[PDB]
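Geometric and topological summary
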Protein chains: 2
Amino acid sequence: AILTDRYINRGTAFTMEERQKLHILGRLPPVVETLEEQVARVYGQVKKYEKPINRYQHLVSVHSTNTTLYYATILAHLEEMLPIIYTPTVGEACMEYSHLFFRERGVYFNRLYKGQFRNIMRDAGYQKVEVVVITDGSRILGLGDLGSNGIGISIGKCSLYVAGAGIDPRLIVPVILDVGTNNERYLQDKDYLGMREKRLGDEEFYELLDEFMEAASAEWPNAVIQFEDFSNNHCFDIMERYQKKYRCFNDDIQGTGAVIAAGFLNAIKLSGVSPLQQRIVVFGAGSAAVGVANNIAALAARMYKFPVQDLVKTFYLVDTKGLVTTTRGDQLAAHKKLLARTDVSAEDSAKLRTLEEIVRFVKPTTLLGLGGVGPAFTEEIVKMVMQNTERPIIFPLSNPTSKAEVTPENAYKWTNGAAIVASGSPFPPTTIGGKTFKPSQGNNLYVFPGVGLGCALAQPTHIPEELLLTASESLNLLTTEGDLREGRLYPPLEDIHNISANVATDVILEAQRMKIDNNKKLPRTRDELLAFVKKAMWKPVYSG
Amino acid sequence: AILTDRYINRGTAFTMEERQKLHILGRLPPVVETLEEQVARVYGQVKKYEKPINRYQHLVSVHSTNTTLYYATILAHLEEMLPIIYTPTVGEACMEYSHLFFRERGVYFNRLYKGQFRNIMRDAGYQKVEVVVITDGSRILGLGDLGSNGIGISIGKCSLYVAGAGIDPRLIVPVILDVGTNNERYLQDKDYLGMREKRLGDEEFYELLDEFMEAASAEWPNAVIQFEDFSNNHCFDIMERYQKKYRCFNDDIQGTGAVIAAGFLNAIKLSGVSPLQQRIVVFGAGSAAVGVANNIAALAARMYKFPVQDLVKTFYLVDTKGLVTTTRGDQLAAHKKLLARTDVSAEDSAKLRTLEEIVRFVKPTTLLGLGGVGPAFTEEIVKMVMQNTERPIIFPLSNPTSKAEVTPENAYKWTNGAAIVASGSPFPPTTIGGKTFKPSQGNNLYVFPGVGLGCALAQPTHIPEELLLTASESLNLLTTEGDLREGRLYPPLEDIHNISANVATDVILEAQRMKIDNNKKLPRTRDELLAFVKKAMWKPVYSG
Ligand SMILES: O=C(Nc1cccc(S(=O)(=O)Nc2ccc(OC(F)F)cc2)c1)c1cc(F)cc(F)c1
Ligand SMILES: O=C(Nc1cccc(S(=O)(=O)Nc2ccc(OC(F)F)cc2)c1)c1cc(F)cc(F)c1
């Protein structure tokens, strides 16, 4: 009952006296270790494997045997483990090694179980669920439809709430809504265990997802519902359909913009060039890219009370046709109209098509890379931004490292260390003339865990944009005057518990201000509330 | 309680109606599979890995989740899985990947627990244990001292009793007696979890092993104790110390000789050249090699009632100095004296040192490779044996494939298909002139499971040499006139359950004849007893 229960198993951390008392003497090799020693040992076992997928496979066996030791190991080595336990290793494990998720506790829905969703949730036998991560395996980036195998994405995401914000590992639920797959290999694969049919149309999709939201609201009323890795045809419409009626958010949309805005406003503080003096090229004009721009504007308005109209005029949106302007002659998509230049002539628009000529005309102080079309921030373009500011802000956020607009190394080299860089991936430091530079990674881990922990404690009726904006500001303000002097845009990733507790505290205070909080037990003053939030967090230490 | 219990979990083999009844609908992806389908799926998952160690790692995760599916997969693919789940992959997993055994149910003894062995066995909480495999990690071949990590050897060996003879997986216990290690890397390794000291001397070794045998005899009175992978300094002395007093055997010593004798007498039947006409070079003169020779003699005496003295005179023993003779001038080790030629002059002995000149003088009809010194059965030597018999019997039994005296391919090539070959490793078939040849593999799996199953049912007071000799004869007689016409020396490995049931039946009848059997419930006639033994075997099928 002790060794075989992964939540209370301590393995070699059981003392000789504990082993005798628990009648497990001789069930373990004789060495007694501390958790710190067990972590160092597990870290050596992980590094004995060269390939990410094999490191993940090892970590899965640790999680299945000693859950405290698993989470202890992730927190000791967070920056290094992140690429293994989530993007991009987790999607590779879903696509080709889906058996790595068979043993994990999750919930599988499909059309065959229509009208039974509530019964299936009841039967799962959870207590006071706090977080539910749901995907359909469609993929936000629309690469590698995973179908049913998308369960691995929900499982990996749930583990980041536990590690990042101390969501108790028993109070989190990974969910796959299998509405089919358009993955041709899977549709023909004898070993695919999911619904063997093309993805359902919107009407049936929403019937099943409505039943899921309603069942969850009734059976898991304390839960936050987080949408993960839904395709663009659904992810925005899902939030529009449910944001007011259920306690839900989408990390890809709302988390990404909260994190990027926080980093960007710290880049502005370091740059010299204040927010109304910034001239920002937004390379890429999808709904997501425009969402990030709007989140930057909203955050600058909150922190500084500049008129938002004036902040929107700092943005120069570039789509596949060129600079988005009112004089260009095309009918603009709704999301592009708000950021469209009104101050550029038809004749100038005609000559603003390539990024090099747009940069030469706009004279930007910032390049935001949200383009997903490879390395567009060329040496020539970086050299022109150096004419417009002493401290170019360059954010190559497109993933992976090959789709990225520019390497941090190149940005630092070409600017001789002047570039302020945030990345969507970890990069090693660059040294120029004995001076060391390292990009700030805008990882989504900075925001979703603290939103999850704040929404779990506060029990708000719903998650309005105010709570994401509060989380974005909280994150910005956690970057210390010391961190800022060393060129960091974010508090350090390894301090994620403190980050999450602060973000959670600020989200709770906002829910309290709006009177949407249903938990009347919580402190209503920041210092006392922060102390309370920290004590509520589950910690990967042996407890009893 | 259902999915999380590896003994009753069926995974996708639970029907839709079962999943609803058991309240696990939505705990599994929706496809329902038969066990045969699950086996094909697992077999594909195993072959997705290139390296043996990675295939083993996958099979460990299947065993931890669905034990019935694990054993079903091994039995469907036995010949292919054998090298992965035991020798030589298992020793590599012990040496460098010992974490693969952490989750497995075993028992760890050492000097720190002196006087507690019985309490530790009681606490392990087993019912009516049938088989116990114990090692100290010293290694029969004295390569790669594993210390505590030798637990993996006992675990792999126990799984071969379950797969080979349907020992119920709940009624088998893997044991490590950690009496230290002489592995210098381990003694310095911060992550070694065993007793960090050089191996104990003989007096303390036997104090601890005596306590083990006595504790086991009292707490697990129905068990057979099998010694596995003990070093030569102890393995023979252990059997001398315990064979009469406890229900125990050593598979390396007693199993190997039983299997090789059975194959060799079938090679003699195929050869034309009858046992008293055979002239057998025994290349290698260790205790083990001489044990095998004596087991061949004892089996030929039992099956054919030739005087054993006359069979012993068919053997020409070759040690590192040359042909073992009474006229050679050295003082012979006790085990070499029995097989020493008395019919070779001092002057002939002086000129009988190289294997090529011994073969030229002896004119053997058989070469037995038990030498462990690489490829000594050269083309020239094989060509000389062709002068002495139409059907040379060539047995390169030294492991691994590099220590082997000759490849089966070479033996078949050089003899143009006339060679009768048994190997200690699996080999692919060889085709010569459109005719296909494949060596017979003398795997230890043919004997120990059936001895374990016979001794579990019969509950003999002890395991005298009569029961091994009976098992050796049983195995020989299971090679059908059809198998023999196709050149096979052994019944087919994939029929291991039937083999084990027959071996077990013949062992029981022998224990009954000697009146050492303590189980009075068993049939005493072969047909009825075989039917009973088959029904008692655990089968990897879903039962309830
Ligand atoms: O926990 C058990 N044994 C253990 C033996 C050495 C060490 C440890 S540990 O917990 O201190 N470290 C550890 C663990 C599992 C890792 O994952 C992958 F390697 F197995 C990796 C490290 C644990 C255990 C659990 C059972 F359910 C049954 C049982 F008989 C033993
Ligand atoms: O058994 C479970 N799920 C399962 C899901 C798909 C398929 C199967 S299976 O049993 O039909 N096949 C299978 C299994 C484990 C393999 O090992 C390595 F891949 F996990 C390999 C194949 C089983 C299970 C067990 C739990 F303890 C909790 C839980 F939530 C689910």
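Basis of the calculations
- Residues numbered from 1 in each chain as written, not as in the entry; some residues may be left out.
- Chains lettered and ligands numbered in written order.
- Heavy atoms only, no water.
- Helix = DSSP H or I, 4+ residues; strand = E, 2+ residues; numbered from the N terminus.
- Buried < 20%, exposed > 50% of the residue type's maximum accessible area, 1.4 Å probe, protein only.
- Contact = heavy atoms within 4.5 Å.
- Areas by Shrake-Rupley, 256 points an atom, 1.4 Å probe, with all protein chains shown as cover.
- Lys, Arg positive; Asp, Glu negative; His and termini not counted.
- Charge placed at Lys NZ, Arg CZ, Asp CG, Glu CD.
- Polar contact = N/O pair within 3.5 Å; in protein donor to acceptor, adjacent residues only side chain to side chain.
- Buried area = accessible area lost by both parts, 1.4 Å probe.
- Salt bridge = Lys/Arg side-chain N within 4 Å of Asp/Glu carboxyl O.
- Nonpolar A, V, L, I, M, F, W, Y, C, P; charged D, E, K, R; others polar.
- Core = buried A, V, L, I, M, F, W, Y, C linked by side-chain atoms within 4.5 Å.
- Least-squares fit on C-alpha atoms.
- Near = heavy atom within 4 Å.
- Axes fitted to C-alpha atoms, helices over the stretch in contact; angles between N-to-C directions.
- Parallel < 35°, antiparallel > 145°, perpendicular 65-115°, else oblique.
- UniProt positions renumbered as here; feature names shortened; annotations may be inferred.
- Expected span 1.5 Å × (residues − 1).

1. Focus on the overall build of chain A
Secondary structure assignment for chain A yields 24 helices and 14 strands. Principal axes of the C-alpha set define a box for chain A whose edges measure 80 × 60 × 50 Å. Burial analysis of chain A (544 residues in total) assigns 60% to the buried set. Across chain A, the fraction of contacts at a sequence separation of at least 24, relative to all contacts at a separation of at least 6, is 70%. Per element, the accessible surface of chain A, about 21,800 Å² overall, is 52% carbon and sulfur. Looking at charge distribution, chain A has the averaged site of its 60 positive side-chain charges lying 2 Å from that of its 62 negative ones.

2. Overview of the environment of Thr325 of chain A
Residues and elements named next belong to chain A. Among the secondary structure elements, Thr325 is positioned in the loop between β8 (322–323) and α15 (334–337). Owing to a relative accessible area of 1%, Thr325 belongs among the buried residues under this scheme. Taking the C-alpha atoms as reference, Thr325 lies 4.4 Å from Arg341; in sequence the two are 16 residues apart. The residues contacting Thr325, other than those within four sequence positions of it, are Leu332, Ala340, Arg341, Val344 and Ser349. Separated by 3.1 Å, the side chain of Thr325 and the backbone nitrogen of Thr327 make a polar contact.

3. A look at the interface of chain B and chain A
Every contact between the two is made by 42 residues of chain B and, on the other side, 42 residues of chain A. In total, about 4,000 Å² of surface goes out of reach between chain B and chain A, with carbon and sulfur atoms giving 54% of it. In terms of surface lost to chain A, no three residues of chain B exceed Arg27, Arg103 and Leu193 of chain B, which account for 17% of the buried area on that side. In this assembly, chain B and chain A are joined by 0 salt bridges. Taken together, the links from chain B to chain A amount to 22 residue pairs in polar contact. Looking at the side of chain B that touches chain A, the elements with two or more residues in it are α1 (16–21), α2 (35–47), α3 (52–65), β1 (107–109) and α7 (117–124) of chain B. Looking at the side of chain B that touches chain A residue by residue, the class counts come to 17 nonpolar, 16 polar and 9 charged.

4. What to know about the nonpolar core
Core analysis: the largest hydrophobic core is formed by 116 residues, its most contacted members being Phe264 and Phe395 of chain B. With residues up to four places along the chain from it excluded, the contact list for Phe395 of chain B reads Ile260, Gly263, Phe264, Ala267, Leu367, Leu368, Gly369, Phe377, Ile420, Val421, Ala422 and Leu489 of chain B. Within the second largest apolar cluster, 115 residues are counted, among which are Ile296, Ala300, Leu368 and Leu475 of chain A.

5. Things to note about the relation of the copies chain B and chain A
Placing chain B over chain A gives an RMSD of 0.0 Å and needs a rotation angle of 180°, together with 0.0 Å of translation along the axis. Overall, the copies show the geometry of a two-fold rotation axis. By C-alpha distance to the rotation axis, the residue of chain B lying nearest is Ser61 of chain B, at 3.9 Å. The fraction of interface residues of chain B whose copies in chain A are also interface residues reaches 100%, indicating that both copies meet through the same surface.

6. Structural notes on the site of ligand 1
Ligand 1 sits among 21 residues. The nearest are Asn9, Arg27, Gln38 and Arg41 of chain A together with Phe102 of chain B. With respect to ligand 1, the chains having nearby residues are chains A and B. Taken by itself ligand 1 offers 630 Å² of open surface, and the protein chains cover 96% of this. Secondary structure elements with two or more residues in the shell around ligand 1: α2 (35–47) and α3 (52–65) of chain A. Class assignment for the residues of the shell around ligand 1 results in 6 nonpolar, 11 polar and 4 charged.

7. Considerations on the pattern of salt bridges
Scanning all chains against the criterion turns up 56 salt bridges over all chains. Among the ionic pairs, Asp330 of chain B bridges to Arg328 of chain B, the shortest N-O distance being 2.9 Å. Salt bridges sharing partners connect three or more residues here, namely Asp319, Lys321, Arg328, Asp330 and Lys336 of chain A.

8. Here's the deal with the packing of α3 of chain B against helix α5 (residues 78–85) of chain B
Helices that pack against each other are described as a pair by the angle of their axes relative to one another and the distance between those axes. Residues and elements named next belong to chain B. Here α3 crosses α5 at 100°, and the two axes come no closer than 9 Å. The orientation of α3 with respect to α5, classified from their angle, is roughly perpendicular. Judged by residue contacts, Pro52, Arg55, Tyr56 and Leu59 of α3 engage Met81, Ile84 and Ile85 from α5. Per-class residue counts for the contact of α3 with α5 are 6 nonpolar, no polar and 1 charged.

9. So, the UniProt feature "active site" (unreviewed entry) in chain A
Residue and element names in this part refer to chain A. UniProt marks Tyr86 and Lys157 with the feature "active site" (unreviewed entry), using the numbering shown here. Spanning 72 residues, the named residues form one tight spatial group whose C-alpha atoms are at most 7.2 Å apart. Inspection of the secondary structure assignment puts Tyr86 in the loop between α5 (78–85) and α6 (89–96). Not counting chain neighbours up to four residues away, the residues in contact with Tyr86 comprise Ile153, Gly156, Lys157, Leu160 and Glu228. With respect to the helices and strands, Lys157 occurs in helix α8 (residues 151–165). Residue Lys157 is classed as buried on the basis of its relative accessible area, which comes to 2%. The contact partners of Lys157, leaving out residues within four places of it in the chain, are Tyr86, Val133, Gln226, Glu228, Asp251 and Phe448.

10. Overview of α2 of chain A
With 13 residues, α2 of chain A extends 18 Å between its outermost C-alpha atoms, agreeing within 8% with the 18 Å of an ideal straight helix rising 1.5 Å per residue. Elements in contact with the buried residues of α2 of chain A: α3, α4 (67–76) and α5 of chain A.

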